[PDB]
Amino acid sequence: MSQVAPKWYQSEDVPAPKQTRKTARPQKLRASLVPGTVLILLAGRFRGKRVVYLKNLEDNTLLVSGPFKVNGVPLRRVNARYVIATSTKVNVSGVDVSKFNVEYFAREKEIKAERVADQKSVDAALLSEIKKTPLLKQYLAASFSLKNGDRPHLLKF
Amino acid sequence: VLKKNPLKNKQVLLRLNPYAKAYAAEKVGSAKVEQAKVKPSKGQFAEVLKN
Amino acid sequence: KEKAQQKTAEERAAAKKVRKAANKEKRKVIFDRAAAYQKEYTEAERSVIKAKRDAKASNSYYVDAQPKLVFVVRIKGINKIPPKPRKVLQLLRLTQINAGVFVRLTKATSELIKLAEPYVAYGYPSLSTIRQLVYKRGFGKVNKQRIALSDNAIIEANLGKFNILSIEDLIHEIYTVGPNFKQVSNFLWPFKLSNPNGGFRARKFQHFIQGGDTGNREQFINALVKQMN
Amino acid sequence: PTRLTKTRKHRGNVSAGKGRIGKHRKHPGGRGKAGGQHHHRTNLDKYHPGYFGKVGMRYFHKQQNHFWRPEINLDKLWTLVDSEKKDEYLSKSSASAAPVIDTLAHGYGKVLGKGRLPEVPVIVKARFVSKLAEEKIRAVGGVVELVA
Amino acid sequence: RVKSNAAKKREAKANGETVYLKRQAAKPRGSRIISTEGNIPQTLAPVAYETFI
Amino acid sequence: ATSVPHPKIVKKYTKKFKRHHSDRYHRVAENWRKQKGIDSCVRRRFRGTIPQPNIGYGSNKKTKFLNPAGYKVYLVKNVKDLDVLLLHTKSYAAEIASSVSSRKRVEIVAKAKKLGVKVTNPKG
Amino acid sequence: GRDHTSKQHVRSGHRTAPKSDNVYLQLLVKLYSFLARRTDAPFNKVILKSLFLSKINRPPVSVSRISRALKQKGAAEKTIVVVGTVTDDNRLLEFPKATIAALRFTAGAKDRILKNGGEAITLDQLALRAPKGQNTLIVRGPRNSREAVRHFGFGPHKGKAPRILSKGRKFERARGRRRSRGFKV
RNA sequence: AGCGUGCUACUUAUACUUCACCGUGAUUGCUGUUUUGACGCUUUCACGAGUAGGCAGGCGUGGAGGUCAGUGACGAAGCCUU
RNA sequence: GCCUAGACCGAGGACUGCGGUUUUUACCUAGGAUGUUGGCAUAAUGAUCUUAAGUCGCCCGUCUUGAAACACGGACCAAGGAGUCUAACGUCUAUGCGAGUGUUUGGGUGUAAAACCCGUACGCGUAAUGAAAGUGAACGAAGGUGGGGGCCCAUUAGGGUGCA
Ligand SMILES: [Mg+2]
Ligand SMILES: [Mg+2]
Ligand SMILES: [Mg+2]
Ligand SMILES: [Mg+2]
Ligand SMILES: [Mg+2]
Ligand SMILES: [Mg+2]
Ligand SMILES: [Mg+2]
Ligand SMILES: [Mg+2]
Ligand SMILES: [Mg+2]
Ligand SMILES: [Mg+2]
Ligand SMILES: [Mg+2]
Ligand SMILES: [Mg+2]
Ligand SMILES: [Mg+2]
Ligand SMILES: [Mg+2]
Ligand SMILES: [Mg+2]
Ligand SMILES: [Mg+2]
Ligand SMILES: [Mg+2]
Ligand SMILES: [Mg+2]
Ligand SMILES: [Mg+2]
Ligand SMILES: [Mg+2]
Ligand SMILES: [Mg+2]
Ligand SMILES: [Mg+2]
Ligand SMILES: [Mg+2]
Ligand SMILES: [Mg+2]
Ligand SMILES: [Mg+2]
Ligand SMILES: [Mg+2]
Ligand SMILES: [Mg+2]
Ligand SMILES: [Mg+2]
Ligand SMILES: [Mg+2]
Ligand SMILES: [Mg+2]
Ligand SMILES: [Mg+2]
Ligand SMILES: [Mg+2]
Ligand SMILES: [Mg+2]
Ligand SMILES: [Mg+2]
Ligand SMILES: [Mg+2]
Ligand SMILES: [Mg+2]
Ligand SMILES: [Mg+2]
Ligand SMILES: [Mg+2]
Ligand SMILES: [Mg+2]
Ligand SMILES: [Mg+2]
Ligand SMILES: [Mg+2]
Ligand SMILES: [Mg+2]
Ligand SMILES: [Mg+2]
Ligand SMILES: [Mg+2]
Ligand SMILES: [Mg+2]
Ligand SMILES: [Mg+2]
Ligand SMILES: [Mg+2]
Ligand SMILES: [Mg+2]
Ligand SMILES: [Mg+2]
Ligand SMILES: [Mg+2]
Ligand SMILES: [Mg+2]
Ligand SMILES: [Mg+2]
């Protein structure tokens, strides 16, 4: 720009940040999010897919399965804010979801043998309970879309 | 550097007014008053209805 | 090295321990004062209610004591004001729109408010309104500077010689107009309120009696301040 | 320096500090000392009273050399004594032997009487003295010797 | 008022008490009770229009 | 921010303040001049007129004089001129003068890379 | 908008530094800026303000003024402080032994202070032997004796000196200065 | 969708409230850690319209003393150019 | 007292304060945003220029109570173009010396219009006033009184000294 020299008192040391008092507190999920609830995915690859909610992960995400055989939606995570929580529920008391966590979905195409086996083990119980509700498998296998004259501010799900 | 409302920040409210703790604990904001069920207007104050 | 940093930290910890221990008693004092103020507020209300009921029973009429305190808000801009009401508004420290001040009712101050009446909205403030004003928008004049009332130490350092040690001491001194009302109200920077949520009436610059906004609204000043603070 | 003048700061402003109505006309009010008795009376009467009129008598061919008579007071008279011998004179002076101060030779015509002398005799040679100057000189035991 | 203030100051001092000499503006009146024995309220109404010419 | 960390750089006005009627007449250059006319629509600030320079548009003192990379730029005319930027290589950058020859310009570029000084005009 | 009760953006109207660019006066201000900020002594706050004054605001103090100030009761051994020049007075008959601190001394003043057994020190030497100005006595020169003040506030019946280049019977003595020539004011 | 009148909600100025930044005025403190800037740094508050006009701080030009042992025929100065 | 929907903002930058909870560097929502995930770095992101759309925008300068005016100059462009210098002064500021001050009229000297050096006079100041003849500034600690910064003695207060 001009001919103004830097001065000796112009230090280059970067100060440390102050000690922050933003101690994190737990997430507040919606009351409609109960394990076994049928959810509608609003974004992503599986947008419009009706899926089963299984577990609340420690990442603040929801563990979800189609089931994959019925839907094509595998075990994966979704965000609670990109989900419509319907009123349909499935009894998931017979499904063991203890082993599922963040490290299970760690990033390393090819699919792990473990993940396929876990898919089958979870989906067996999911299908056993789904068969009880008539048309529930058909409902889950069908994509969701907004028809003409559908007003989401008046509908109950 | 930043003014915090004691009416929003409970910690600042207790910092400014320590009695707020007792006010909250005793439910001073919804305290009942004990008295008898009376009606003292039966006599000459019925001059309000007509004259 | 950190020898000194840790040394001054230990010295600070000891001094802060002693300071907090000493301040605990003062905070007990102000706690007791606030509790006493609440007791006397409730006692006075029940006494007045009982007196009204008793006057109703004994074929009489209880006339309330006239209010001694008023909150005055300048709701008019700074243009086209005659010299005398302009000087009066300056002397109430109402030198901008939506500026509020506490005034102790006498004759001199009453004739002042009557002079500024076409330009202000005023009334009788309740205790909760006073508390809300002082808590959210309460500022003090310290060395001609506008300082937020964020700690009871500011109030003590400036009004302890007037026996005001807490924000509740200040609120009590305003509400029940005390022997040091002058010092407490001049220490209070004029409250700078926002515009009302919900608006004014259709036309401000006419008396409250005629459907406007200026003059004495008396108990509706609490609703108006609730709108604006 | 021209770079410091206010002429440089008015560049770009239309009227150059002279006003848009008043402007900088040639000679409004006249030239020099014009109008001193009619429309400049308010200036000359307030700040230079006595300007108009004659007072006193003329003096054809006044030679100021005639009136040369510089004044020296008494508080400055001992400064004419030699500096290296002032302290000795202030001690040993008596009626029998006092310093001689030739005031005319230092360029003074009249001795005036402001201030106070040391209570010490002096011999002052002057062309003129005031009444009080000689009274003060005699009081300290001194004398005035007239010269020309 | 100077003499009266001086008189008030000396006598409170005699009684070993205090007295306040600063003048005050007129203050709002206190509470009070209005007796209605012999004074039951009389109801008034605005009167109709008449011409008296 | 490869430079010393700074707040986000804010430029209050990014266009050029163009003199009034520098578009109507060729004799009127775009270099900003304040209108002094009695009737000027711009001097009286009518709605719809051009923006004018004022101190409110001044840059934040923490991001003032910083190029988009976060450095303050210093003009260098010879290799000895780089000596003043020795202890400020993370806060000051060097810009080579246009009239330095193609020979000396290569030498200036060579010393800055050894010293770690960043160069703002590296190709010309 | 604000209804301003005072003029906005008003400078204090007092000098906070010398107009002089003398580097050695700046050092003296350096010393008493620290002293006034840190001693709670009112003397140091007065000296700091006095070092800013302009030439006409620090009139010279004659060696006769110091003699009269030392002649106050109980002030014979006080330290005389003059923020300015101390000049000589050849109308004195005698001068005492005294300690005087000044910005400058004339040749006669230094000669006459030291001849009578006194000291002529600078203001920095004062700050070590009297860092709070203990046992000091500030002396100021006459401000209203300046010739320019003769013409200040001139007007009718004001008795001030006219702004005039020549003096004599022919120069502003006739009309308005004499009842025989109209009126006198 | 006119006239008189009442009510609920709503619209938006460079005005008001909270916050950020520029400048101006004031303000807190800063030398046994003053430490190669005290004509400097720093804490805090309030304020910002303007013709004629005053003052201040800066930008630019011809030439001059000093300095960069400065740039330059391996290209100065000038000129055109999202 | 409680629950709940949205928006905008995140200045500051080791620690220091007040609280609160005390789980007595135990923490905290308590003197200003952190944590975590994805994507991009041949780029999501940002600026300018041109242009479209929307909205607003009358020709500048001047004299003028009032100008876009049916008031005047101005078709366009380049270059030149207007508060200067001097004699004598008022106020203010800086500087040198100071009851004195000013070397530069002149003289000495010189590496030659410079720089360096010298002194008598003179100007102004140090005395005023009166038309003039003329006279010419201490009763007193160079005065008293009420204030008066600072300083001294004190011990809220109080006393002493008190320049401008
Ligand atoms: Mg299928
Ligand atoms: Mg008030
Ligand atoms: Mg407290
Ligand atoms: Mg609304
Ligand atoms: Mg409304
Ligand atoms: Mg309206
Ligand atoms: Mg309307
Ligand atoms: Mg009505
Ligand atoms: Mg509100
Ligand atoms: Mg210039
Ligand atoms: Mg200007
Ligand atoms: Mg102008
Ligand atoms: Mg023009
Ligand atoms: Mg002018
Ligand atoms: Mg003109
Ligand atoms: Mg004129
Ligand atoms: Mg005539
Ligand atoms: Mg004479
Ligand atoms: Mg720009
Ligand atoms: Mg122009
Ligand atoms: Mg026009
Ligand atoms: Mg106009
Ligand atoms: Mg070139
Ligand atoms: Mg404003
Ligand atoms: Mg104000
Ligand atoms: Mg005097
Ligand atoms: Mg004179
Ligand atoms: Mg006559
Ligand atoms: Mg209608
Ligand atoms: Mg604004
Ligand atoms: Mg302005
Ligand atoms: Mg130049
Ligand atoms: Mg030239
Ligand atoms: Mg040169
Ligand atoms: Mg930050
Ligand atoms: Mg992840
Ligand atoms: Mg457009
Ligand atoms: Mg014209
Ligand atoms: Mg005309
Ligand atoms: Mg005009
Ligand atoms: Mg006309
Ligand atoms: Mg017309
Ligand atoms: Mg005309
Ligand atoms: Mg004409
Ligand atoms: Mg024409
Ligand atoms: Mg032409
Ligand atoms: Mg044409
Ligand atoms: Mg002059
Ligand atoms: Mg010469
Ligand atoms: Mg002479
Ligand atoms: Mg002479
Ligand atoms: Mg006295």
# chains A, B, ... in the order shown; residues from 1 in each chain; ligands from 1
call {"tool": "interface_residues", "arguments": {"of": "chain G", "to": "chain C", "cutoff": "9 Å", "atoms": "only C-alpha atoms", "output": "list in words"}}
result
residues 1, 2, 3, 4 and 5 of chain G
call {"tool": "write_last_selection", "arguments": {"atoms": "N, CA, C and O atoms", "output": "JSON list (two decimals), in the first residue's frame"}}
result
[["chain", "number", "residue", "atom", "x", "y", "z"],
["G", 1, "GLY", "N", -33.63, 11.06, 18.49],
["G", 1, "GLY", "CA", -33.18, 12.41, 18.73],
["G", 1, "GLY", "C", -33.11, 12.77, 20.20],
["G", 1, "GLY", "O", -33.82, 12.18, 21.03],
["G", 2, "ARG", "N", -32.27, 13.74, 20.54],
["G", 2, "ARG", "CA", -32.11, 14.17, 21.92],
["G", 2, "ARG", "C", -32.32, 15.68, 22.02],
["G", 2, "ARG", "O", -31.92, 16.43, 21.12],
["G", 3, "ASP", "N", -32.95, 16.10, 23.10],
["G", 3, "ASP", "CA", -33.08, 17.52, 23.45],
["G", 3, "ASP", "C", -31.88, 17.82, 24.33],
["G", 3, "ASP", "O", -31.92, 17.60, 25.55],
["G", 4, "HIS", "N", -30.82, 18.35, 23.73],
["G", 4, "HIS", "CA", -29.52, 18.49, 24.40],
["G", 4, "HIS", "C", -29.53, 19.64, 25.40],
["G", 4, "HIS", "O", -29.80, 20.79, 25.05],
["G", 5, "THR", "N", -29.18, 19.31, 26.65],
["G", 5, "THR", "CA", -29.06, 20.27, 27.74],
["G", 5, "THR", "C", -27.69, 20.92, 27.79],
["G", 5, "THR", "O", -27.49, 21.85, 28.58]]
call {"tool": "residues_around", "arguments": {"residues": "range 5-7 of chain E", "least_positions_apart": "2", "cutoff": "10 Å", "atoms": "only C-alpha atoms (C1' of nucleotides)", "output": "PyMOL selection string"}}
result
chain E and resi 1-3+9-13+19-22
call {"tool": "write_last_selection", "arguments": {"atoms": "C-alpha atoms", "output": "PDB file, in the first residue's frame"}}
result
ATOM      1  CA  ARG E   1     -39.120  32.345  59.388  1.00  0.00           C
ATOM      2  CA  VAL E   2     -35.491  32.767  60.484  1.00  0.00           C
ATOM      3  CA  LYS E   3     -36.618  33.558  64.027  1.00  0.00           C
ATOM      4  CA  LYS E   9     -34.153  24.542  66.991  1.00  0.00           C
ATOM      5  CA  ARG E  10     -33.516  25.670  70.575  1.00  0.00           C
ATOM      6  CA  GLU E  11     -36.584  23.997  72.105  1.00  0.00           C
ATOM      7  CA  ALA E  12     -36.041  20.582  70.502  1.00  0.00           C
ATOM      8  CA  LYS E  13     -32.477  20.930  71.794  1.00  0.00           C
ATOM      9  CA  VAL E  19     -36.660  19.171  64.698  1.00  0.00           C
ATOM     10  CA  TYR E  20     -36.755  19.601  60.908  1.00  0.00           C
ATOM     11  CA  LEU E  21     -36.779  23.206  59.628  1.00  0.00           C
ATOM     12  CA  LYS E  22     -36.775  22.795  55.820  1.00  0.00           C
TER      13      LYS E  22
END
call {"tool": "closest_residue", "arguments": {"among": "I:156, I:103, I:91, I:120", "to": "chain G", "atoms": "only C-alpha atoms (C1' of nucleotides)"}}
result
I:91
call {"tool": "closest_atom_pairs", "arguments": {"of": "chain I", "to": "ligand 50", "cutoff": "8 Å", "atoms": "only C-alpha atoms (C1' of nucleotides) and all ligand atoms", "output": "tab-separated table"}}
result
residue	atom	partner	partner_atom_place_in_ligand_line	distance
I:121	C1'	ligand 50	1 (Mg)	7.9
I:122	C1'	ligand 50	1 (Mg)	5.6
I:123	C1'	ligand 50	1 (Mg)	6.9
call {"tool": "write_last_selection", "arguments": {"atoms": "N, CA, C and O atoms (P, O5', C5', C4', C3', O3' and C1' of nucleotides)", "output": "PDB file, in the first residue's frame"}}
result
ATOM      1  P     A I 121      27.577  55.022  22.856  1.00  0.00           P
ATOM      2  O5'   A I 121      27.228  56.093  21.727  1.00  0.00           O
ATOM      3  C5'   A I 121      25.897  56.554  21.536  1.00  0.00           C
ATOM      4  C4'   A I 121      25.513  56.592  20.073  1.00  0.00           C
ATOM      5  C3'   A I 121      24.026  56.492  19.777  1.00  0.00           C
ATOM      6  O3'   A I 121      23.372  57.742  19.917  1.00  0.00           O
ATOM      7  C1'   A I 121      25.210  55.006  18.371  1.00  0.00           C
ATOM      8  P     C I 122      22.070  57.893  20.849  1.00  0.00           P
ATOM      9  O5'   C I 122      20.861  57.494  19.897  1.00  0.00           O
ATOM     10  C5'   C I 122      20.860  57.858  18.527  1.00  0.00           C
ATOM     11  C4'   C I 122      20.112  56.842  17.707  1.00  0.00           C
ATOM     12  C3'   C I 122      18.798  56.371  18.309  1.00  0.00           C
ATOM     13  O3'   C I 122      17.732  57.282  18.088  1.00  0.00           O
ATOM     14  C1'   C I 122      20.055  54.497  17.620  1.00  0.00           C
ATOM     15  P     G I 123      16.518  57.360  19.137  1.00  0.00           P
ATOM     16  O5'   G I 123      15.665  56.062  18.800  1.00  0.00           O
ATOM     17  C5'   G I 123      15.043  55.915  17.531  1.00  0.00           C
ATOM     18  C4'   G I 123      14.341  54.590  17.436  1.00  0.00           C
ATOM     19  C3'   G I 123      13.442  54.258  18.614  1.00  0.00           C
ATOM     20  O3'   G I 123      12.174  54.873  18.524  1.00  0.00           O
ATOM     21  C1'   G I 123      14.774  52.383  18.065  1.00  0.00           C
TER      22        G I 123
END
call {"tool": "interface_residues", "arguments": {"of": "chain A", "to": "chain H", "cutoff": "9 Å", "atoms": "only C-alpha atoms (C1' of nucleotides)", "output": "CSV table (one decimal) with N, CA, C and O atoms, in the first residue's frame"}}
result
chain,number,residue,atom,x,y,z
A,7,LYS,N,6.1,-1.8,13.3
A,7,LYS,CA,6.9,-1.4,14.5
A,7,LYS,C,7.3,-2.5,15.4
A,7,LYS,O,6.8,-3.7,15.2
A,8,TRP,N,8.2,-2.2,16.3
A,8,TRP,CA,8.7,-3.3,17.2
A,8,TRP,C,7.7,-3.8,18.2
A,8,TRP,O,7.7,-5.0,18.6
A,9,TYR,N,6.7,-2.9,18.5
A,9,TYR,CA,5.6,-3.3,19.5
A,9,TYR,C,4.5,-4.0,18.8
A,9,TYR,O,3.5,-4.4,19.5
call {"tool": "residues_near_ligand", "arguments": {"ligand": "ligand 48", "cutoff": "12 Å", "atoms": "only C-alpha atoms (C1' of nucleotides) and all ligand atoms", "output": "ChimeraX atom specification"}}
result
/I:88-92
call {"tool": "interface_residues", "arguments": {"of": "chain D", "to": "chain F", "cutoff": "10 Å", "atoms": "only C-alpha atoms", "output": "MDAnalysis selection string"}}
result
chainID D and resid 12:15
